[PDB]
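# Observations on the three-dimensional arrangement
Single-letter residue listing:
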Amino acid sequence: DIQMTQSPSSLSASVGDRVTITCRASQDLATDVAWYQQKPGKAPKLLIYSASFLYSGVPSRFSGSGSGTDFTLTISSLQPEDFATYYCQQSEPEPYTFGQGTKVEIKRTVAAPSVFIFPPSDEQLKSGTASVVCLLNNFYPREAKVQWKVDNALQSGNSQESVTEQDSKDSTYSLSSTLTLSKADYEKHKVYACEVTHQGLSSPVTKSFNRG
Amino acid sequence: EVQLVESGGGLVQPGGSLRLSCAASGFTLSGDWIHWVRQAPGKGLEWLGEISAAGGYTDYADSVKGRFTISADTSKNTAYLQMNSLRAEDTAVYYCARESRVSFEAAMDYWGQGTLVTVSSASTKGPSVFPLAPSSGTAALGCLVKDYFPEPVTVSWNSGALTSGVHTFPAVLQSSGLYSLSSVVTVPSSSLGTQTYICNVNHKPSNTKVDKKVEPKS
Ligand SMILES: [Ca+2]
Ligand SMILES: [Ca+2]
């Protein structure tokens, strides 16, 4: 069967940069290769067919090269909207195998998160659980740290992080962290604090409340 | 003008069976070519199969051959993927797509929205929806969608009229085995009070449709 080995798995680049993605076939495919752009939670979009042919209505900054075994998709001047995963596909013959994919993230000026905390609603406490959420908004880079403190004690293994897929207009991320406990364990503590560390911060940012 | 709309996806017990439907709009199926492709949540794209509506000829990937059958009803303009004897591995978002008009090549230029198939021996559960109220420039508020299964959950703010600063987070699989997410939005501080904020949560698996209003508390 025919392999398609993609390179690399992921890359960061500045707006205006030249990006090059490589696919490699284990056998002579001649010219039978197609490129797809998949944005998250959207269907793949056809970019290139027959290795070098731009599909109608596709931006001209996308171009394709290659023959036989070695193939290249190129973005000449990277745009914010270009965040996505890109795929080569052998289009002949069946089975048509797809490459592993290439995640493209935009590199951008550094931005410190805006931090928020949210106490649990009274209607949730009714059913015997408490969820305390901390929101970090519109920040870059991705790598950030949310530490929970409960009456000034550091918390471990009782919170879960979820990350926004990079914004396609201003290239930022958002992050939610959720502290979950039994209302019995909630109601035995006073102050709920959320401590944030990022490259945009030179000193940890704490956001807190007192139970009622 | 041209589009595919897929349905039939949802929850299934391991060992069980399911039939997906790809409805075509804006072009005749006879003489065109239809592909099914899946994407397991973490990983990349996998070609399953191919049918030529006219004459009904088909081909499959080895990984599903014999287990899966593609067919089409030319008179209703709809294709199908019948999946038997499912496994955890088969959990994925399934798409149908039509081959491009411009060459022998198997390029796919029109895709459906995609439908999620989840195979596991777990029970459907409706989500609870909780306020995430603001306090104190600019202010943040949201909803907590808690304890639901399976994926997906649909959150909209004010029937879709609000899209600025709206972040719906990827779901997180909890210890309990249930899913949970938060949808959040940032607004001006002066608009609090005079602007209502309602989040519109829809979890069709359990068939929960809840629209909760988020305001500050006394
Ligand atoms: Ca036709
Ligand atoms: Ca063909």
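Residues numbered from 1 in each chain as written, not as in the entry; some residues may be left out. Chains lettered and ligands numbered in written order. Heavy atoms only, no water.

As recorded in the entry header, the structure was determined using X-ray crystallography to a resolution of 2.85 Å.

With the PDB entry as reference, chain B is termed Fab DL11 heavy chain, source organism Homo sapiens. The title given to this entry in the Protein Data Bank is "anti-EGFR/HER3 Fab DL11 alone".

Looking up chain A in the PDB entry gives the name Fab DL11 light chain, with the organism given as Homo sapiens.

## Here we look at the coordination of the calcium ion (ligand 1)
Those donors, B:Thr28 (O), B:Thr28 (OG1), B:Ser30 (O) and B:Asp32 (OD), are the protein atoms that reach the calcium ion (ligand 1), and they lie 2.5 to 3.2 Å from it. Here B:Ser30 falls in the partly exposed class, since its relative accessible area comes to 39%. (Donors = N, O, S within 2.8 Å, 3.2 Å for Na, K, Ca; no water. Buried < 20%, exposed > 50% of the residue type's maximum accessible area, 1.4 Å probe, protein only.)

## Description of the domain arrangement of chain B
Residues and elements named next belong to chain B. The domains assigned to chain B are domain 1 (1-121) and domain 2 (122-218). For domain 1 and domain 2, the distance between their C-alpha centres works out to 32 Å. Contact with domain 1, which involves six residues of that partner, is made by seven residues of domain 2. Overall, the association of domain 1 and domain 2 removes approximately 430 Å² of surface from exposure, summing both partners, and the carbon and sulfur fraction of that is 66%. Our enumeration of links across domain 1 and domain 2 arrives at one residue pair in polar contact. In the side of domain 1 that touches domain 2, the residues fall into two nonpolar, four polar and no charged. (Domains from an automatic or database assignment. Contact = heavy atoms within 4.5 Å. Buried area = accessible area lost by both parts, 1.4 Å probe. Polar contact = N/O pair within 3.5 Å; in protein donor to acceptor, adjacent residues only side chain to side chain. Nonpolar A, V, L, I, M, F, W, Y, C, P; charged D, E, K, R; others polar.)

## A closer look at the pattern of salt bridges
Residue and element names in this part refer to chain A. According to the stated counting rule, one finds 13 salt bridges over all chains in the structure shown. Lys103 is the partner of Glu165 in a salt bridge, and the nearest nitrogen-oxygen pair spans 2.5 Å. Placement of the pair is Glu165 in the loop between β15 (159-163) and β16 (173-182) and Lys103 in strand β10 (residues 102-107), with a sequence separation of 62 residues. Look at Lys103 and you get partly exposed, because its relative accessible area is 26%. (Salt bridge = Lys/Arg side-chain N within 4 Å of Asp/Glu carboxyl O. Helix = DSSP H or I, 4+ residues; strand = E, 2+ residues; numbered from the N terminus.)

## Some words on the domain arrangement of chain A
Residues and elements named next belong to chain A. You can read the domains of chain A as domain 1 (1-108) and domain 2 (109-212). For domain 1 versus domain 2, the separation of C-alpha centres amounts to 37 Å. If you look at the interface, domain 1 gives nine residues, while domain 2 gives twelve residues. With both chains or domains summed, domain 1 and domain 2 bury close to 920 Å², and 47% of this area falls on carbon and sulfur atoms. Where domain 1 touches domain 2, the interface holds one salt bridge. In this structure, the connection of domain 1 to domain 2 is made through four residue pairs in polar contact. Of the residues in the side of domain 1 that touches domain 2, the class split is four nonpolar, no polar and five charged.

## Quick look at the pairing of strand β7 (residues 62-67) of chain A
All names here are of chain A. Across six bridges, the pairing between β7 and strand β8 (residues 70-75) is antiparallel. What sits directly across from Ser65, in β8, is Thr72. Connecting the antiparallel pair β7 and β8 is a turn made up of two residues, with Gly68 showing a positive phi of about 80°. (Pairing = 2+ DSSP bridges.)

## Remarks on the sheet that holds strand β13 (residues 145-150) of chain A
All names here are of chain A. A sheet is described by the order of its strands in space; here four strands give the open sequence β14-β13-β17-β18, paired in antiparallel fashion. In this open sheet, the two edge strands, each paired with only one partner strand, are β14 (153-154) and β18 (205-210). Of the pairings in the sheet, the one linking β13 to strand β17 (residues 191-197) comprises six bridges and is antiparallel in character. What sits directly across from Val146, in β17, is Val196.

## Looking at the interface of chain B and chain A
Accessible area lost upon the coming together of the parts serves often as the stated size of an interface. On the chain A side, the residues contacting the 40 residues of chain B number 42 residues. Of all residues in chain B, B:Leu45, B:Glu105 and B:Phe169 give up the largest surface area on contact with chain A, accounting jointly for 18% of the area buried on that side. Scanning the region where chain B abuts chain A turns up zero salt bridges. The interface formed by chain B and chain A includes 15 residue pairs in polar contact. For the side of chain B that touches chain A, the elements supplying multiple residues, two or more each, are β4 (33-39), β5 (45-52), β10 (108-111), β12 (128-132), β13 (138-148), β16 (172-173) and β17 (179-188) of chain B. With five residues, β13(B) is the single largest residue contributor to the side of chain B that touches chain A. Residues of the side of chain B that touches chain A, tallied by class, amount to 24 nonpolar, nine polar and seven charged.

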